[PDB]
Structure formats: C-alpha cells, structure tokens
Amino acid sequence: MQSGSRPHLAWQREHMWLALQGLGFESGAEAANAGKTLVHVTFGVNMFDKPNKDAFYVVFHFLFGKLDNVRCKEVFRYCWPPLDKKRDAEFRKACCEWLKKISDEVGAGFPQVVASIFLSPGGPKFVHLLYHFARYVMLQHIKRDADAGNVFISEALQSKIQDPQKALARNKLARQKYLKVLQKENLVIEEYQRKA
Amino acid sequence: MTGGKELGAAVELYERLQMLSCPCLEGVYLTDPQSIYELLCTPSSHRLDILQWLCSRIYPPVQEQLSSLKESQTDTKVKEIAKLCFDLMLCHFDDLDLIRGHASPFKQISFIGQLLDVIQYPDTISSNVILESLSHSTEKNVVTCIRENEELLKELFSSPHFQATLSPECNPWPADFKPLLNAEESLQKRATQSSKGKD
Amino acid sequence: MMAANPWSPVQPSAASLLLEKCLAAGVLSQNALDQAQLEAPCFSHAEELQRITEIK
Amino acid sequence: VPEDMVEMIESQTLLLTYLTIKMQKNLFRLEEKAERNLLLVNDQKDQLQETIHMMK
C-alpha cells in the first residue's frame with residue numbers, strides 16, 4: 001500500500017546538469033564567483049542528493065544571471081555572496097520571491113514554490129524545482145536567440161505533446177539540425193584558414 | 001525569376017523524393033528543373049498530395065484524420081498539416097501560405113528538405129531485419145531513440161571541445177596583417193563596394 | 001591517436017575534434033554525417049573579387 | 001508509454017535545439033568577420049598587382 005519511491009526523479013537530475021553545462025556552467029569559474037574553493041563544494045548530477053547549501057548558492061545565482069543578468073545584480077546586491085547568517089536569510093528570501101513570481105507567471109506547468117524548500121536545499125522536491133527552473137531559463141534563451149522567424153520554436157516546445165510518436169519525430173529533426181550546424185562550423189573554419 | 005540555385009535545390013529534393021518511391025510521383029518523370037520546381041514550390045493539388053504523403057510518413061495517424069475530410073474542405077486539410085508541422089517545430093501554426101506553396105522558394109525548399117530529413121533518418125544498426133511483423137508496438141522504438149540520444153548527449157557534453165563549438169573562434173592571420181585587418185571604416189567600405197557584380 | 005600533423009595549414013576545429021570523438025564512441029555513424037552534408041558555399045564575395053583580379 | 005518517457009524525449013529535444021540555435025548564431029558572426037577580412041586583404045593584393053604591372 002505503503003508508498004513506493006516513484007522512480008520518476010532520477011533522469012531529471014541528469015538533464016538538469018546537462019542544461020547547466022549547456023548554458024555555460026563552469027564549476028571552477030562559478031565557485032570562485034561565490035568566494036568558495038572547489039575542495040569544499042561538490043558539483044554534479046548527485047550534488048543535491050544531500051542538502052548542499054554551497055551548490056544552491058552558486059547554481060541559482062548562475063541561472064538567475066543567465067535569465068536576467070541586470071536584475072540578478074540588482075536583487076542580490078546586498079546579499080551576494082551569502083557569507084553571514086543575515087545575508088543567507090536574505091538570499092533565500094530573494095530566491096523564493098523571484099521564483100514565486102516565475103511560478104505565477106508560467107501557471108500550472110511550474111512546481112509550487114514554498115519557503116521551507118530553501119531551508120534545507122536538497123532532496124527530490126528541490127531537484128524537481130531546479131530542473132524546471134533550468135528548463136525555463138533555456139526556453140527564454142531560445143526565445144531571445146531565435147531570429148524573428150523562429151520565435152515559434154519556443155512556443156512549440158512549451159505546448160506539451162502527449163503522443164509518443166509525435167515526440168520522437170520532433171526529436172529526430174532536432175538531432176539532425178544540430179549535426180548539420182556542427183558540420184557547417186567545421187567547413188567555414190577550414191575554408192577560412194585555407195584562403196587566408 | 002527562380003534563380004539557378006533554387007532550381008538545383010528543387011532538383012535535389014525531387015531526387016530524394018524519387019528515392020523514397022513517393023506514390024504521388026508515379027507516372028510523373030520531370031527532367032526540366034523548372035517543372036520540378038513548379039511541382040514542389042507552386043500551389044497545386046499535387047503539391048498538397050506530396051506534403052500529405054510526407055506528413056503520413058512521418059506521423060501515420062494523421063493519414064486517417066485527413067482521408068475523412070471531403071475534397072470541398074481543402075482549407076481544413078491545410079490547417080491540420082500546419083498544426084502537425086508546428087508540433088514538429090518546422091513552422092508557425094498560422095503559416096498557411098507555406099503549406100499552400102505561396103512562401104518564398106527558399107523557404108519552401110528548406111521546409112520540404114527538412115521533412116525529407118526526418119523520413120530518411122538513418123535508422124541506426126540493427127535493422128538488417130527485412131519483412132517481419134508490422135505489429136511492433138510504438139513503445140519499443142521510443143525506448144531505443146531515448147537510449148541513443150542519451151548516449152549522444154553524454155558524449156557531446158563529456159568532450160573538452162564541446163564549449164568551443166558553442167562559440168567558435170578562428171584567427172588565421174599573422175601579426176604583420178593586423179594593421180590591415182584593424183584598419184579604418186573607410187577601407188572596409190571601399191573593399192565591400194568593389195564586389196558589387198557590374199565589374 | 002591521429003597526431004595532428006603540426007605542419008598542416010589547416011588546424012582542426014573544435015567541431016571537427018568533437019565529431020571525431022562522436023564517431024570513435026560509435027554514437028554517430030559516418031552515414032549519418034554524410035546524409036547531413038550541407039553544401040553551403042562559404043565566402044562567395046571574396047571569390048568573385050579574385051576572378052576579376054585575374055582577368056585584369 | 002508511460003507519461004515519463006515522452007517527458008524525457010522532450011527534454012532531449014530541448015537540449016539539442018538550444019545547442020543548435022546557440023551555435024548557428026555564433027557561427028554566422030564568425031563567417032561575416034572572416035569574409036570581411038578576406039576582402040580587405042584581397043584589395044591590398046589588387047593594388048600591388050596594378051603597380052607592378054605599370055612598372056613593368
């Protein structure tokens with residue numbers, strides 16, 4: 001009856017990590033920005049299996065930064081980096097307020113943001129919240145970076161496909177498009193070097 | 001005036017379509033690149049049959065949905081195709097002109113090209129296997145794709161060169177050319193104006 | 001470990017090194033890459049100026 | 001198909017698409033800078049060639 005730990009949260013941890021990397025997350029550079037040395041902070045796929053306060057500071061500041069760098073500097077001016085008990089409480093309060101706004105704006109597709117989740121950042125509920133936060137940041141990037149004619153791509157990705165066959169086809173197309181651009185990049189660099 | 005490049009791309013697409021034994025091309029042998037272009041990129045009932053075919057190949061359940069619609073309802077067919085294509089991230093849901101064939105030739109070629117990419121998607125390794133059973137459940141194919149994709153992504157992100165591909169930099173020029181390359185906005189205008197065709 | 005001949009005028013691009021790595025891991029097949037080959041011409045305006053200089 | 005598999009594929013599609021758009025934007029900027037540099041150098045070549053011919 002008796003209440004079997006839903007296998008559902010393991011792959012979300014992995015794809016979250018891929019998303020951070022894809023956004024340009026560098027463990028050494030971002031840790032240094034938070035005044036912490038790499039010897040004491042564990043980054044990776046399992047970084048929030050146990051409550052990890054240090055990683056929480058770094059990753060969230062990074063994602064907010066990637067979302068709105070100007071707003072990020074303004075909202076955290078007086079509490080970044082969280083060095084004392086007073087600053088820490090302010091940083092958490094700020095993260096919760098900002099994410100609550102995002103959660104209100106996006107509606108039923110974004111997890112409910114409760115203040116208790118930030119007291120001990122760790123666990124499946126926390127990872128689930130961070131993944132959807134990372135996903136949101138990527139979609140904003142696709143919307144910004146997508147040319148006036150491809151803005152529809154961000155809308156299409158937001159529209160949840162419930163049919164597995166349709167999702168597969170869409171993925172195949174995306175994979176191909178990536179391989180093409182990767183090949184083009186090689187060609188342009190080669191040709192430029194030769195001509196020069 | 002459909003430039004020489006669009007006609008060549010249309011021909012390529014036409015060849016790919018032939019290779020995929022598209023039933024709509026049965027008894028139609030076009031050797032003239034312009035005829036091939038008019039077939040693929042101008043509004044016609046045939047073009048719509050081809051697109052319908054391409055879409056039925058990518059997503060088979062759509063075929064039952066389209067076949068139930070009477071010939072007098074052509075506008076509704078076009079809207080259903082646009083909706084699928086939107087779900088595949090290829091065009092906007094109101095881009096009806098692209099489906100009708102009124103969009104720019106390049107846009108049309110690129111569009112049909114992408115559809116074909118999906119159909120000709122090298123099905124990896126295992127598939128020597130021939131005839132057998134139709135019946136295989138949609139569920140086994142999805143599991144395989146996920147697995148493969150996971151391996152690709154893992155490899156892509158484990159690589160030290162991955163970050164460099166996201167922001168490619170290349171400077172092949174020696175130091176002695178730097179002054180030429182940093183030179184005043186006026187030299188740049190002279191160099192770009194000299195390339196205009198009448199010369 | 002195909003030791004990049006230091007004397008090749010064309011240094012391998014990050015894209016190339018990544019593609020090579022993907023092919024070595026069997027995650028990508030050369031057939032898949034070939035089917036994806038874009039013949040898009042690079043630097044068309046520079047080429048036209050070269051031809052005009054020769055005729056002159 | 002467990003509602004959970006369709007969500008994973010969509011997440012993969014999102015990652016690839018993001019990478020693709022990010023790469024394409026940065027590649028176009030390089031191509032434009034490269035072609036400009038080639039044209040500038042080609043123009044210098046053309047001036048030297050004309051002067052040599054006149055002297056000859």
# chains A, B, ... in the order shown; residues from 1 in each chain; ligands from 1

call {"tool": "interface_residues", "arguments": {"of": "chain C", "to": "chain B", "cutoff": "10 Å", "atoms": "only C-alpha atoms", "output": "PDB file with C-alpha atoms, in the first residue's frame"}}
result
ATOM      1  CA  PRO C   9      47.991  24.645 -42.756  1.00  0.00           C
ATOM      2  CA  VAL C  10      44.543  23.929 -41.541  1.00  0.00           C
ATOM      3  CA  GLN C  11      44.300  23.386 -37.805  1.00  0.00           C
ATOM      4  CA  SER C  13      38.378  22.997 -35.491  1.00  0.00           C
ATOM      5  CA  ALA C  14      36.718  22.242 -32.235  1.00  0.00           C
ATOM      6  CA  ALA C  15      33.805  20.946 -34.319  1.00  0.00           C
ATOM      7  CA  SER C  16      35.919  18.519 -36.151  1.00  0.00           C
ATOM      8  CA  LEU C  17      37.582  17.206 -32.942  1.00  0.00           C
ATOM      9  CA  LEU C  18      34.064  16.787 -31.431  1.00  0.00           C
ATOM     10  CA  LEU C  19      32.744  14.953 -34.491  1.00  0.00           C
ATOM     11  CA  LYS C  21      35.157  11.888 -30.831  1.00  0.00           C
ATOM     12  CA  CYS C  22      31.477  11.073 -31.530  1.00  0.00           C
ATOM     13  CA  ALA C  25      32.396   6.360 -29.450  1.00  0.00           C
ATOM     14  CA  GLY C  26      30.007   4.615 -32.152  1.00  0.00           C
ATOM     15  CA  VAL C  27      27.256   7.063 -31.153  1.00  0.00           C
ATOM     16  CA  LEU C  28      27.345   8.626 -34.603  1.00  0.00           C
ATOM     17  CA  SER C  29      27.870   6.826 -37.934  1.00  0.00           C
ATOM     18  CA  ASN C  31      26.472   7.535 -42.918  1.00  0.00           C
ATOM     19  CA  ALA C  32      24.505   9.730 -40.615  1.00  0.00           C
ATOM     20  CA  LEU C  33      27.049  12.545 -41.112  1.00  0.00           C
ATOM     21  CA  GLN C  35      23.396  12.392 -45.125  1.00  0.00           C
ATOM     22  CA  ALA C  36      23.582  15.592 -43.238  1.00  0.00           C
ATOM     23  CA  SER C  44      31.140  33.984 -52.186  1.00  0.00           C
ATOM     24  CA  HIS C  45      32.036  37.654 -52.373  1.00  0.00           C
ATOM     25  CA  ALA C  46      35.751  37.073 -51.811  1.00  0.00           C
ATOM     26  CA  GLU C  47      35.816  34.542 -54.611  1.00  0.00           C
ATOM     27  CA  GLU C  48      34.279  36.904 -57.119  1.00  0.00           C
ATOM     28  CA  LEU C  49      36.922  39.589 -56.461  1.00  0.00           C
ATOM     29  CA  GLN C  50      39.652  37.010 -57.073  1.00  0.00           C
ATOM     30  CA  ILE C  52      38.118  39.886 -61.509  1.00  0.00           C
TER      31      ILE C  52
END

call {"tool": "interface_residues", "arguments": {"of": "chain D", "to": "chain A", "cutoff": "6 Å", "atoms": "only C-alpha atoms", "output": "PDB file with N, CA, C and O atoms, in the first residue's frame"}}
result
ATOM      1  N   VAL D   6       7.835  10.156 -22.677  1.00  0.00           N
ATOM      2  CA  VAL D   6       7.552  11.297 -23.542  1.00  0.00           C
ATOM      3  C   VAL D   6       8.184  12.557 -22.954  1.00  0.00           C
ATOM      4  O   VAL D   6       8.755  13.372 -23.682  1.00  0.00           O
ATOM      5  N   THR D  13      15.148  16.878 -26.782  1.00  0.00           N
ATOM      6  CA  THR D  13      14.840  17.775 -27.891  1.00  0.00           C
ATOM      7  C   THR D  13      15.128  19.225 -27.512  1.00  0.00           C
ATOM      8  O   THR D  13      15.707  19.974 -28.299  1.00  0.00           O
ATOM      9  N   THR D  17      18.073  21.412 -29.472  1.00  0.00           N
ATOM     10  CA  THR D  17      17.591  22.626 -30.120  1.00  0.00           C
ATOM     11  C   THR D  17      18.302  23.856 -29.563  1.00  0.00           C
ATOM     12  O   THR D  17      18.721  24.735 -30.320  1.00  0.00           O
ATOM     13  N   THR D  20      21.834  23.937 -30.866  1.00  0.00           N
ATOM     14  CA  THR D  20      21.797  24.263 -32.286  1.00  0.00           C
ATOM     15  C   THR D  20      21.647  25.766 -32.493  1.00  0.00           C
ATOM     16  O   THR D  20      22.401  26.371 -33.259  1.00  0.00           O
TER      17      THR D  20
END

call {"tool": "select_by_dssp", "arguments": {"residues": "chain C", "states": "alpha helix (DSSP H)", "output": "mmCIF file with C-alpha atoms, in the first residue's frame"}}
result
data_model
loop_
_atom_site.group_PDB
_atom_site.id
_atom_site.type_symbol
_atom_site.label_atom_id
_atom_site.label_comp_id
_atom_site.auth_asym_id
_atom_site.auth_seq_id
_atom_site.Cartn_x
_atom_site.Cartn_y
_atom_site.Cartn_z
ATOM 1 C CA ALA C 14 36.718 22.242 -32.235
ATOM 2 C CA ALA C 15 33.805 20.946 -34.319
ATOM 3 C CA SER C 16 35.919 18.519 -36.151
ATOM 4 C CA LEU C 17 37.582 17.206 -32.942
ATOM 5 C CA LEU C 18 34.064 16.787 -31.431
ATOM 6 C CA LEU C 19 32.744 14.953 -34.491
ATOM 7 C CA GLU C 20 35.725 12.652 -34.442
ATOM 8 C CA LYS C 21 35.157 11.888 -30.831
ATOM 9 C CA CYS C 22 31.477 11.073 -31.530
ATOM 10 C CA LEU C 23 32.298 8.772 -34.360
ATOM 11 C CA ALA C 24 35.021 6.952 -32.235
ATOM 12 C CA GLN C 30 29.639 8.338 -40.891
ATOM 13 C CA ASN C 31 26.472 7.535 -42.918
ATOM 14 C CA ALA C 32 24.505 9.730 -40.615
ATOM 15 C CA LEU C 33 27.049 12.545 -41.112
ATOM 16 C CA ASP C 34 27.143 12.136 -44.886
ATOM 17 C CA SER C 44 31.140 33.984 -52.186
ATOM 18 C CA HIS C 45 32.036 37.654 -52.373
ATOM 19 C CA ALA C 46 35.751 37.073 -51.811
ATOM 20 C CA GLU C 47 35.816 34.542 -54.611
ATOM 21 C CA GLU C 48 34.279 36.904 -57.119
ATOM 22 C CA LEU C 49 36.922 39.589 -56.461
ATOM 23 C CA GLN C 50 39.652 37.010 -57.073
ATOM 24 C CA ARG C 51 38.317 36.263 -60.520
ATOM 25 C CA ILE C 52 38.118 39.886 -61.509
ATOM 26 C CA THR C 53 41.739 40.454 -60.471
ATOM 27 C CA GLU C 54 42.913 37.623 -62.734
ATOM 28 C CA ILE C 55 41.099 38.911 -65.761
#

call {"tool": "atom_distance", "arguments": {"atom1": "CA of residue 58 (chain B)", "atom2": "CA of residue 111 (chain B)"}}
result
14.0 Å

call {"tool": "closest_residue", "arguments": {"among": "D:51, D:35, D:44, D:8", "to": "chain C", "atoms": "only C-alpha atoms"}}
result
D:35

call {"tool": "closest_residue", "arguments": {"among": "A:57, A:110, A:116, A:49", "to": "residue 83 (chain A)", "atoms": "only C-alpha atoms"}}
result
A:57

call {"tool": "interface_residues", "arguments": {"of": "chain D", "to": "chain C", "cutoff": "9 Å", "atoms": "only C-alpha atoms", "output": "JSON, numbers by chain"}}
result
{"D": [31, 32, 34, 35, 36, 38, 39, 42, 43, 45, 46, 49, 50]}

call {"tool": "write_last_selection", "arguments": {"atoms": "N, CA, C and O atoms", "output": "PDB file, in the first residue's frame"}}
result
ATOM      1  N   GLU D  31      31.607  33.927 -39.703  1.00  0.00           N
ATOM      2  CA  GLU D  31      31.602  33.939 -41.163  1.00  0.00           C
ATOM      3  C   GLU D  31      31.624  35.366 -41.703  1.00  0.00           C
ATOM      4  O   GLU D  31      32.350  35.664 -42.654  1.00  0.00           O
ATOM      5  N   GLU D  32      30.855  36.229 -41.159  1.00  0.00           N
ATOM      6  CA  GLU D  32      30.817  37.630 -41.571  1.00  0.00           C
ATOM      7  C   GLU D  32      32.152  38.320 -41.305  1.00  0.00           C
ATOM      8  O   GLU D  32      32.668  39.036 -42.166  1.00  0.00           O
ATOM      9  N   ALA D  34      35.073  36.893 -41.035  1.00  0.00           N
ATOM     10  CA  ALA D  34      36.043  36.248 -41.916  1.00  0.00           C
ATOM     11  C   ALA D  34      35.973  36.825 -43.328  1.00  0.00           C
ATOM     12  O   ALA D  34      37.003  37.130 -43.931  1.00  0.00           O
ATOM     13  N   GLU D  35      34.853  36.838 -43.926  1.00  0.00           N
ATOM     14  CA  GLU D  35      34.680  37.365 -45.278  1.00  0.00           C
ATOM     15  C   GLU D  35      35.145  38.815 -45.367  1.00  0.00           C
ATOM     16  O   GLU D  35      35.798  39.205 -46.339  1.00  0.00           O
ATOM     17  N   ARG D  36      34.888  39.603 -44.413  1.00  0.00           N
ATOM     18  CA  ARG D  36      35.352  40.986 -44.372  1.00  0.00           C
ATOM     19  C   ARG D  36      36.876  41.052 -44.385  1.00  0.00           C
ATOM     20  O   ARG D  36      37.460  41.860 -45.111  1.00  0.00           O
ATOM     21  N   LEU D  38      38.975  38.784 -45.522  1.00  0.00           N
ATOM     22  CA  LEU D  38      39.440  38.294 -46.814  1.00  0.00           C
ATOM     23  C   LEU D  38      39.323  39.377 -47.880  1.00  0.00           C
ATOM     24  O   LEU D  38      40.224  39.541 -48.705  1.00  0.00           O
ATOM     25  N   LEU D  39      38.294  40.082 -47.910  1.00  0.00           N
ATOM     26  CA  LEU D  39      38.075  41.149 -48.879  1.00  0.00           C
ATOM     27  C   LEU D  39      39.094  42.270 -48.691  1.00  0.00           C
ATOM     28  O   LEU D  39      39.626  42.801 -49.669  1.00  0.00           O
ATOM     29  N   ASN D  42      42.386  40.967 -49.948  1.00  0.00           N
ATOM     30  CA  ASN D  42      42.302  40.880 -51.403  1.00  0.00           C
ATOM     31  C   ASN D  42      42.422  42.255 -52.055  1.00  0.00           C
ATOM     32  O   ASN D  42      43.019  42.388 -53.125  1.00  0.00           O
ATOM     33  N   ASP D  43      41.913  43.204 -51.573  1.00  0.00           N
ATOM     34  CA  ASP D  43      42.033  44.565 -52.087  1.00  0.00           C
ATOM     35  C   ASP D  43      43.486  45.035 -52.062  1.00  0.00           C
ATOM     36  O   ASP D  43      43.958  45.663 -53.014  1.00  0.00           O
ATOM     37  N   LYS D  45      46.084  43.144 -52.280  1.00  0.00           N
ATOM     38  CA  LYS D  45      46.698  42.367 -53.352  1.00  0.00           C
ATOM     39  C   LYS D  45      46.461  43.022 -54.710  1.00  0.00           C
ATOM     40  O   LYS D  45      47.384  43.138 -55.520  1.00  0.00           O
ATOM     41  N   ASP D  46      45.291  43.453 -54.915  1.00  0.00           N
ATOM     42  CA  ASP D  46      44.925  44.072 -56.185  1.00  0.00           C
ATOM     43  C   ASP D  46      45.692  45.373 -56.402  1.00  0.00           C
ATOM     44  O   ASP D  46      46.192  45.631 -57.500  1.00  0.00           O
ATOM     45  N   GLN D  49      49.313  44.526 -57.380  1.00  0.00           N
ATOM     46  CA  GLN D  49      49.363  43.949 -58.720  1.00  0.00           C
ATOM     47  C   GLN D  49      49.309  45.035 -59.790  1.00  0.00           C
ATOM     48  O   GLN D  49      50.029  44.966 -60.788  1.00  0.00           O
ATOM     49  N   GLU D  50      48.526  46.003 -59.673  1.00  0.00           N
ATOM     50  CA  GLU D  50      48.416  47.105 -60.624  1.00  0.00           C
ATOM     51  C   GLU D  50      49.703  47.926 -60.670  1.00  0.00           C
ATOM     52  O   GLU D  50      50.191  48.263 -61.750  1.00  0.00           O
TER      53      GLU D  50
END

call {"tool": "residues_around", "arguments": {"residues": "residue 30 (chain B)", "least_positions_apart": "6", "cutoff": "10 Å", "atoms": "only C-alpha atoms", "output": "JSON, numbers by chain"}}
result
{"B": [11, 14, 36, 37, 39]}

call {"tool": "write_last_selection", "arguments": {"atoms": "N, CA, C and O atoms", "output": "short mmCIF file (atom, residue, chain, number, x, y, z; two decimals), in the first residue's frame"}}
result
data_model
loop_
_atom_site.label_atom_id
_atom_site.label_comp_id
_atom_site.auth_asym_id
_atom_site.auth_seq_id
_atom_site.Cartn_x
_atom_site.Cartn_y
_atom_site.Cartn_z
N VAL B 11 15.72 20.25 -57.63
CA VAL B 11 16.07 19.01 -58.31
C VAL B 11 16.56 17.98 -57.29
O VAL B 11 16.19 16.80 -57.37
N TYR B 14 13.65 16.71 -55.49
CA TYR B 14 12.92 15.82 -56.39
C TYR B 14 13.58 14.45 -56.47
O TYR B 14 12.90 13.43 -56.42
N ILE B 36 10.21 20.72 -62.12
CA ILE B 36 10.35 20.13 -60.79
C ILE B 36 10.06 21.18 -59.72
O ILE B 36 9.33 20.91 -58.76
N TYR B 37 10.61 22.38 -59.96
CA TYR B 37 10.37 23.48 -59.03
C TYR B 37 8.88 23.80 -58.94
O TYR B 37 8.34 23.95 -57.84
N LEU B 39 6.40 21.94 -59.53
CA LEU B 39 5.72 20.82 -58.88
C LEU B 39 5.82 20.93 -57.36
O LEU B 39 4.82 20.75 -56.66
#

call {"tool": "interface_residues", "arguments": {"of": "chain B", "to": "chain A", "cutoff": "6 Å", "atoms": "only C-alpha atoms", "output": "list in words"}}
result
residues 87, 88, 89, 92, 118 and 172 of chain B

call {"tool": "interface_residues", "arguments": {"of": "chain D", "to": "chain B", "cutoff": "8 Å", "atoms": "only C-alpha atoms", "output": "PyMOL selection string"}}
result
chain D and resi 1+5+8-9+12+19+22-23+26-27+30+36-37+39-41+43

call {"tool": "write_last_selection", "arguments": {"atoms": "C-alpha atoms", "output": "compact mmCIF listing (two decimals), in the first residue's frame"}}
result
# COMPACT_ATOMS: atom_id res chain seq x y z
CA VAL D 1 4.03 4.75 -22.96
CA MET D 5 9.16 8.59 -21.46
CA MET D 8 12.43 12.62 -21.34
CA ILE D 9 12.47 12.80 -25.14
CA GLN D 12 16.47 15.88 -25.06
CA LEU D 19 22.67 23.95 -28.67
CA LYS D 22 23.31 28.94 -29.90
CA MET D 23 25.92 27.53 -32.39
CA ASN D 26 27.86 32.44 -33.14
CA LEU D 27 28.89 30.80 -36.46
CA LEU D 30 32.45 34.46 -37.50
CA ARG D 36 35.35 40.99 -44.37
CA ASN D 37 38.94 40.14 -43.50
CA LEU D 39 38.08 41.15 -48.88
CA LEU D 40 40.37 43.63 -47.15
CA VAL D 41 43.41 41.55 -47.88
CA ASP D 43 42.03 44.56 -52.09

call {"tool": "atom_distance", "arguments": {"atom1": "CA of residue 48 (chain B)", "atom2": "CA of residue 100 (chain B)"}}
result
7.2 Å
